[PDB]
């Protein structure tokens, strides 16, 4: 029983008083509002908000039974009696409180009939999580396959088919009930922590995500090397074995940017060494030489680190002395029994813990470490009586990984202000992307079911801020012998998802270079393709940094007025132009692809398909997975390199998928030095744009470059433009007004500047793309 009492304004912030206390409403933007209940009282701070203390001028109108607090896009309508806030985009009702807040923390809201609800982060439950209830408590799900209610990286957030996102801005042990218990109620609970939610609206799923990342944080562009090939296993046992793996990528002619060292780098056993955070010199005798030798070959070294310091580790006494570990209520170091032994947890919420841990990361980075892997940040074990500087384990649990990332990100920026941090972690919070967190889906089983779940997990995380969500390619957990077909399908899919990191327990090889001749003959040209496609992938990365647009986009983006598409977790967009359908079972001979209506091409075979809605049936082979290209796509390639350290776009090859159904099309290629964290902010980039105009008698391309450029940027790029499905009726090409005849023979066999291959329906134009605008005009 709750009712309006009064309200004031304070720094664009509405402070409402009910019978039961204060509520602070602040627009963080024109489409996003923070609703803090118990505003009078001391709470944990926001974790989700990039700018917690921000609030923008909103307009306030008081009526008889209601208030209205509007930002521009988003309207909070505050019914006085009974007390209930609802939320409008213009006058479209998004979300209405039921009971709203009840004081354990509780929030209740109505669900509309037929409303579909994505969210919760990593679960394997179906894309629409409506009808589900699950905890908000980051926890391991070792060896998961085709089902999970609770894994490494939950998010206290949802995305509705009404096109809002709701965030429960609370770090504590909790639960989400999505109209499970009560068909028409969504309920958020926590045992403790901040009593705050955040509503974000958009006109579309893309502008919703732009709105969400605006207020929760934009991922800084990762180093281009994060888009390369990783050598990883659990785990390289020695310097010799690590050097032998880098050598195996060289002798097997697979691309390699980064080798990842698991927990044997700091001790000879799985158990009893964690917290050493220093080289096991018996097995890694010359690590500085090792990292420098790798850097000469363009290969980066990434080291695993964990929150736990064992009482058996060389750093126990020092960590206790420095007060770096979390404490019991008595005030001693909290020790508890992990798989690895008895130990404590570094308190990343404390000054002493942050400085102690930071200092260790600084020393190892100085020795030559390029990037960082933080495993077990759930935290994996976190007894309820553990005491952090700001709260107990159950209150801070879901933000530990978040703050660990922040700590490590700040540290890397202060040591190397001219480099982009690489921070790979298993657990974080809403907004962790702003600290460059790159998550993976943990200890997935080596099963088809484990593979079949990855698109669902990736889209669920991508939709709520995590563009670089990926899987251990090939699978991680148990098995006794390689499932070759599964492995191949997993590393094919890998090419078309964010981070190319095969990884698994080392009783079965995870790295493609250790596979049989057939497997290498299939995967080698696909790992090269990943590198040739860097201009496509790096451009999707750039768009992610700009707008939060995830690299993997769900099928439902193709038609926002067809909510039935929301259920799809078998087909997704890799950037704007590729519809990928991974094969997730053995012996599949053909697939039915629910391609949006329009024209589509087989990425592998150039075959043209049109559909008015009917799905497309494509046969399958072991060599590839089904990928369709959207008519109007510009697919840019550079020559394959072994390492992104050698990346050049002096030679470009661009494939344009022509069809009269697409009279207007645009592409862009974002180029910078691949390393400068300030490139976008300072416009130290080369942004190539291509526009196609396709009419009955003409096909016109406009090429341009913006940005201030960057050191080593090519002035002039040798460009091969390959036009797929080109009309056989074009006779003349103008290039900036200069007329060139189109050859109709021997295109593959002459240094032709314009040649039509009649057999392939491909028109090839070869030219110089310099800094000035270029127009190419084909006419019948």
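Positions refer to the first chain, counted from 1.
Going from residue 103 to residue 104, the model skips 1 to 3 deposited residues, which lack coordinates. When the two stretches 160 to 168 and 637 to 645 are set side by side, the higher mean Cα temperature factor goes to 160 to 168.
Just going by the entry, 498 to 506 versus 388 to 396 on mean CA temperature factor gives the higher value to 388 to 396.
Within the group 445, 73, 492, 581, the record's highest C-alpha temperature factor is found at 73. Taking the deposited Cα B-factors for 180, 520, 705, 224, the highest one is held by 180. When all modelled residues of the chain are sorted by CA temperature factor, residue 665 is found within the middle third. Per-chain ranking of the deposited C-alpha B factor places residue 135 in the middle third. When all modelled residues of the chain are sorted by CA temperature factor, residue 360 is found within the middle third.
Residue-level temperature factors show residue 721 in the lowest third of its chain, judged at the C-alpha atom. Split the chain's modelled residues into thirds by C-alpha temperature factor. Residue 694 is in the middle one.
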